[PDB]
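Written below as structure tokens is the structure these notes are about.
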Amino acid sequence: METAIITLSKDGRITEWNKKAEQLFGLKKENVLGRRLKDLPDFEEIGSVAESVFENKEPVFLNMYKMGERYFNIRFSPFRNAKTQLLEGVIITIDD
């Protein structure tokens with residue numbers, strides 16, 4: 001699988017959750033949108049990694065990252081608003 005994407009706001013709230021993420025994690029976008037990723041069971045560690053990547057302003061790419069019983073690559077990409085340059089959130093991309 002490739003391109004499961006969860007995007008978080010500056011405060012850690014789910015602003016995107018694509019079909020690959022629904023497929024991968026078994027939660028529907030409509031049910032998780034607006035919620036804190038770190039509130040979701042089993043997303044505590046990824047939530048805390050996302051918080052750290054945001055605070056430090058440098059991307060993290062983990063390989064051989066175990067979730068459930070599978071290994072993943074997971075990239076955390078901080079991003080800024082084009083106009084304001086305000087650090088706006090983190091895109092999390094998960095691949096096999």
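All residue names refer to the structure tokens as shown: chains lettered A, B, ... in order, residues numbered from 1 in each chain, ligands numbered from 1 in order.
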Q | DSSP-assigned strand (DSSP E) among chain A, expressed as a PyMOL selection string | A | chain A and resi 4-9+14-17+60-67+70-80+87-95
How would the residues just picked look written out with C-alpha atoms as a PDB file, in the first residue's frame?
ATOM      1  CA  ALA A   4      -2.113   6.817   3.271  1.00  0.00           C
ATOM      2  CA  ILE A   5      -2.256  10.484   4.276  1.00  0.00           C
ATOM      3  CA  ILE A   6      -3.319  12.170   7.513  1.00  0.00           C
ATOM      4  CA  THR A   7      -2.834  15.957   7.752  1.00  0.00           C
ATOM      5  CA  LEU A   8      -2.792  17.755  11.143  1.00  0.00           C
ATOM      6  CA  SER A   9      -3.282  21.401  12.069  1.00  0.00           C
ATOM      7  CA  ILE A  14      -7.135  16.028  11.819  1.00  0.00           C
ATOM      8  CA  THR A  15      -7.764  18.195   8.759  1.00  0.00           C
ATOM      9  CA  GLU A  16      -7.317  15.460   6.106  1.00  0.00           C
ATOM     10  CA  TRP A  17      -7.679  11.697   6.148  1.00  0.00           C
ATOM     11  CA  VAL A  60      11.264  13.176   9.990  1.00  0.00           C
ATOM     12  CA  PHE A  61      11.244  10.011   7.779  1.00  0.00           C
ATOM     13  CA  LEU A  62      11.097   6.715   9.654  1.00  0.00           C
ATOM     14  CA  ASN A  63      11.637   3.394   7.945  1.00  0.00           C
ATOM     15  CA  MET A  64      10.832  -0.065   9.310  1.00  0.00           C
ATOM     16  CA  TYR A  65       8.213   1.513  11.493  1.00  0.00           C
ATOM     17  CA  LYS A  66       5.956  -1.045  13.168  1.00  0.00           C
ATOM     18  CA  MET A  67       2.184  -0.547  13.441  1.00  0.00           C
ATOM     19  CA  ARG A  70       3.261  -4.535   9.790  1.00  0.00           C
ATOM     20  CA  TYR A  71       6.298  -2.372   8.941  1.00  0.00           C
ATOM     21  CA  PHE A  72       5.865   1.059   7.285  1.00  0.00           C
ATOM     22  CA  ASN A  73       7.708   4.111   6.050  1.00  0.00           C
ATOM     23  CA  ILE A  74       6.208   7.231   7.613  1.00  0.00           C
ATOM     24  CA  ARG A  75       7.151  10.790   6.654  1.00  0.00           C
ATOM     25  CA  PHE A  76       6.172  13.816   8.756  1.00  0.00           C
ATOM     26  CA  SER A  77       6.351  16.992   6.678  1.00  0.00           C
ATOM     27  CA  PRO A  78       5.909  20.332   8.442  1.00  0.00           C
ATOM     28  CA  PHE A  79       4.460  22.959   6.170  1.00  0.00           C
ATOM     29  CA  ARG A  80       3.958  26.748   6.083  1.00  0.00           C
ATOM     30  CA  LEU A  87       4.031  27.050  10.282  1.00  0.00           C
ATOM     31  CA  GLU A  88       0.636  25.602   9.661  1.00  0.00           C
ATOM     32  CA  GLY A  89       0.745  21.867  10.373  1.00  0.00           C
ATOM     33  CA  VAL A  90       2.154  18.476   9.457  1.00  0.00           C
ATOM     34  CA  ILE A  91       1.410  16.095   6.513  1.00  0.00           C
ATOM     35  CA  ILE A  92       1.866  12.436   7.527  1.00  0.00           C
ATOM     36  CA  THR A  93       2.393  10.035   4.596  1.00  0.00           C
ATOM     37  CA  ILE A  94       2.456   6.269   5.230  1.00  0.00           C
ATOM     38  CA  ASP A  95       3.701   3.664   2.746  1.00  0.00           C
TER      39      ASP A  95
END
**Q.** residue A:41 surroundings by only C-alpha atoms, 12 Å radius, close-in-sequence under 3 positions cut, as a PyMOL selection string
**A.** chain A and resi 25+27+32+36-38+44-47+67-68
Those same residues - C-alpha atoms - I'd like them written as a JSON list (two decimals), in the first residue's frame.
[["chain", "number", "residue", "atom", "x", "y", "z"],
["A", 25, "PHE", "CA", -6.70, 2.08, 9.69],
["A", 27, "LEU", "CA", -11.71, 4.65, 10.51],
["A", 32, "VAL", "CA", -12.16, 11.63, 12.77],
["A", 36, "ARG", "CA", -6.96, 15.34, 17.91],
["A", 37, "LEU", "CA", -4.92, 12.57, 16.32],
["A", 38, "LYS", "CA", -3.29, 11.87, 19.70],
["A", 44, "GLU", "CA", -0.47, 8.38, 20.49],
["A", 45, "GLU", "CA", 3.10, 7.83, 19.36],
["A", 46, "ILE", "CA", 2.54, 9.19, 15.83],
["A", 47, "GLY", "CA", 0.71, 12.17, 17.39],
["A", 67, "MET", "CA", 2.18, -0.55, 13.44],
["A", 68, "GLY", "CA", -0.17, -3.41, 14.27]]
Q: Find, counting only C-alpha atoms, the residue in A:26, A:50, A:83, A:58 that gets nearest to residue A:10.
A: A:50
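One finds atom CA of residue A:11 at 13.2 Å from atom CA of residue A:33.
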Q: Please identify which residues in stretch 21-75 of chain A DSSP calls helix (DSSP H, G or I) from the backbone, and express them as a PyMOL selection string.
A: chain A and resi 21-25+29-32+37-39+44-56
Atoms to include: C-alpha atoms. Write the selected residues as an mmCIF file, in the first residue's frame.
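Result file is result-v7.cif:
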data_model
loop_
_atom_site.group_PDB
_atom_site.id
_atom_site.type_symbol
_atom_site.label_atom_id
_atom_site.label_comp_id
_atom_site.auth_asym_id
_atom_site.auth_seq_id
_atom_site.Cartn_x
_atom_site.Cartn_y
_atom_site.Cartn_z
ATOM 1 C CA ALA A 21 -5.905 5.959 5.486
ATOM 2 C CA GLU A 22 -9.497 4.685 5.801
ATOM 3 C CA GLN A 23 -8.424 1.459 4.100
ATOM 4 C CA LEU A 24 -5.294 1.155 6.249
ATOM 5 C CA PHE A 25 -6.699 2.082 9.693
ATOM 6 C CA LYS A 29 -12.700 10.472 7.495
ATOM 7 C CA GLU A 30 -16.102 11.899 8.574
ATOM 8 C CA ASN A 31 -15.695 10.314 12.034
ATOM 9 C CA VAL A 32 -12.158 11.630 12.766
ATOM 10 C CA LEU A 37 -4.923 12.569 16.319
ATOM 11 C CA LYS A 38 -3.288 11.873 19.703
ATOM 12 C CA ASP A 39 -6.730 11.150 21.161
ATOM 13 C CA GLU A 44 -0.475 8.379 20.489
ATOM 14 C CA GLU A 45 3.098 7.834 19.364
ATOM 15 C CA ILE A 46 2.542 9.195 15.830
ATOM 16 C CA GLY A 47 0.714 12.174 17.389
ATOM 17 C CA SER A 48 3.681 12.862 19.670
ATOM 18 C CA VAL A 49 6.158 12.476 16.799
ATOM 19 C CA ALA A 50 4.049 14.962 14.770
ATOM 20 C CA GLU A 51 4.059 17.413 17.706
ATOM 21 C CA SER A 52 7.906 17.163 17.927
ATOM 22 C CA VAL A 53 8.390 17.569 14.167
ATOM 23 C CA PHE A 54 6.207 20.673 14.315
ATOM 24 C CA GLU A 55 8.083 22.168 17.286
ATOM 25 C CA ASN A 56 11.489 21.481 15.668
#
